[PDB]
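FYI, the numbering just counts along the sequence from 1. What you see below is based on every heavy atom in this structure, not just the backbone, and it leaves out hydrogens, waters and symmetry mates.
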Amino acid sequence: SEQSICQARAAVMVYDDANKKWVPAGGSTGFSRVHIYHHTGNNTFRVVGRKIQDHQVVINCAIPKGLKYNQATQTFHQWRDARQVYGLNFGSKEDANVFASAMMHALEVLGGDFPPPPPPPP
């Protein structure tokens, strides 16, 4: 039981600490459709990305409470969920902003009040 909260086009990268370089996740360079998914029950989240060409899954990691998500530039973001470092090299600023905005919201919901909001603008 999952819901996509955003969809963003990006080249998905991992850092190769041995060779001191970023390498394309899954071994093949190219853009991916990168989602953040919310498990409606657990109230957990995860980033999932698939290559656009061959639909290979290149990232599939859960978003832990307390993740340090870094926007190096407006269009390259990075974090280290596990032992490796992940990067997202976005196709456009529009893509970068939606993904960052969804990630921030995910991290709030994981982090844990306010009066109800006003009506949406007419």
Side-chain angles (χ1 to χ4, degrees), residues 1-80 82 84-122:
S1 67
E2 250 172 336
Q3 296 178 336
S4 179
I5 71 181
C6 69
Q7 178 167 199
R9 184 180 105 102
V12 177
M13 309 295 187
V14 181
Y15 194 66
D16 179 5
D17 181 71
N19 308 28
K20 257 173 295 309
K21 65 190 62 167
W22 291 89
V23 298
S28 299
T29 303
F31 280 93
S32 289
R33 291 185 194 91
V34 188
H35 289 259
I36 295 177
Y37 285 107
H38 177 210
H39 298 95
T40 308
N42 252 334
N43 200 225
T44 49
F45 299 85
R46 66 181 174 133
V47 174
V48 176
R50 290 193 182 266
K51 302 299 284 296
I52 295 173
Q53 181 203 15
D54 58 325
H55 311 111
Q56 173 200 8
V57 176
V58 300
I59 183 163
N60 179 1
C61 76
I63 297 167
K65 191 228 70 179
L67 181 137
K68 264 214 203 300
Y69 185 86
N70 186 246
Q71 307 181 238
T73 80
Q74 317 176 41
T75 53
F76 181 82
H77 308 174
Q78 62 199 340
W79 73 97
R80 59 167 75 107
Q84 58 207 45
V85 179
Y86 276 113
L88 290 170
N89 217 2
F90 289 98
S92 63
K93 295 166 184 175
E94 195 168 15
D95 288 303
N97 297 338
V98 304
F99 190 93
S101 187
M103 178 65 71
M104 182 165 63
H105 168 242
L107 296 178
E108 296 166 4
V109 175
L110 290 163
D113 262 21
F114 288 91

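- Interatomic distance, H35 NE2 to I5 CD1, rounded to the nearest 0.5 Å: 11.5 Å.
- Inter-residue side-chain proximity for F90 and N97 is flagged as unmet; no heavy-atom pair is nearer than 4.5 Å.
- Residues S32 and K51 form a side-chain contact, since some pair of their non-hydrogen atoms from C-beta on lies under 4.5 Å apart.
- Atom CZ of residue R9 and atom CG of residue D95 lie 7.0 Å apart, to the nearest 0.5 angstrom.
- In this structure, the side chains of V14 and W22 stay at 4.5 Å or more apart for every pair of heavy atoms.
- For the residue pair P64 and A62, the shortest heavy atom distance occurs at CD-O, 3.2 Å.
- Using cut-offs of 30° and 60° for the angle between ring planes, the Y69 and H77 rings count as perpendicular.
- Pairing each heavy atom of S1 with each of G41, the nearest pair is OG-N, 4.3 Å.
- The distance from atom CZ of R50 to atom CD1 of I52, rounded to the nearest 0.5 Å, is 12.5 Å.
- Cluster annotation: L88 and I59 are assigned to the same hydrophobic cluster (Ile/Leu/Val/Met/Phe/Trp/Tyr, side-chain heavy-atom contacts under 4.5 Å, transitive).
- Remark: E2 CD is packed, more than 12 non-hydrogen atoms of other residues, nucleotides or ligands lying under 6.0 Å away.
- In this structure the side chain of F99 reaches within 4.5 angstrom of the side chain of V47, judged on heavy atoms.
- Open room surrounds CG on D17; 12 or fewer heavy atoms of other groups in view lie less than 6.0 Å from it.
- When all heavy atoms of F31 and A10 are compared, the closest pair comes out as CD2-C, 3.5 Å.
- In terms of hydrophobic clustering, with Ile, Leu, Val, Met, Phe, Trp and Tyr side chains grouped at heavy-atom distances under 4.5 Å, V98 and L107 are assigned to different clusters.
- To the nearest 0.5 Å, atom CG of residue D16 and atom CD of residue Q84 are 10.5 Å apart.
- With values rounded to the nearest 0.5 angstrom, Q3 atom CD is found 13.5 Å from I36 atom CD1.
- Residue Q53 qualifies as open at atom CD: its count of foreign heavy atoms under 6.0 Å is 12 or below.
- Note on ring orientation: taking the six-membered ring where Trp is involved, the planes of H38 and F45 are parallel (angle under 30°, cut-offs 30° and 60°).
- Within the 3.5 Å criterion, the main-chain N or O of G26 finds a donor-acceptor partner in the side chain of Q56.
- You'll find the side chain of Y15 reaches within 4.5 Å of the side chain of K20, heavy atoms only.
- With contacts defined as side-chain heavy-atom distances shorter than 4.5 Å, the pair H39/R46 qualifies.
- Placement of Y37 and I63 in two distinct hydrophobic clusters is found when ILVMFWY residues are connected by side-chain heavy-atom separations under 4.5 Å, directly or transitively.
- Side-chain contact check for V34 versus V48: every heavy-atom pair is 4.5 Å or farther apart.
- The shortest non-hydrogen separation linking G87 to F76 is CA-CZ, 3.9 Å.
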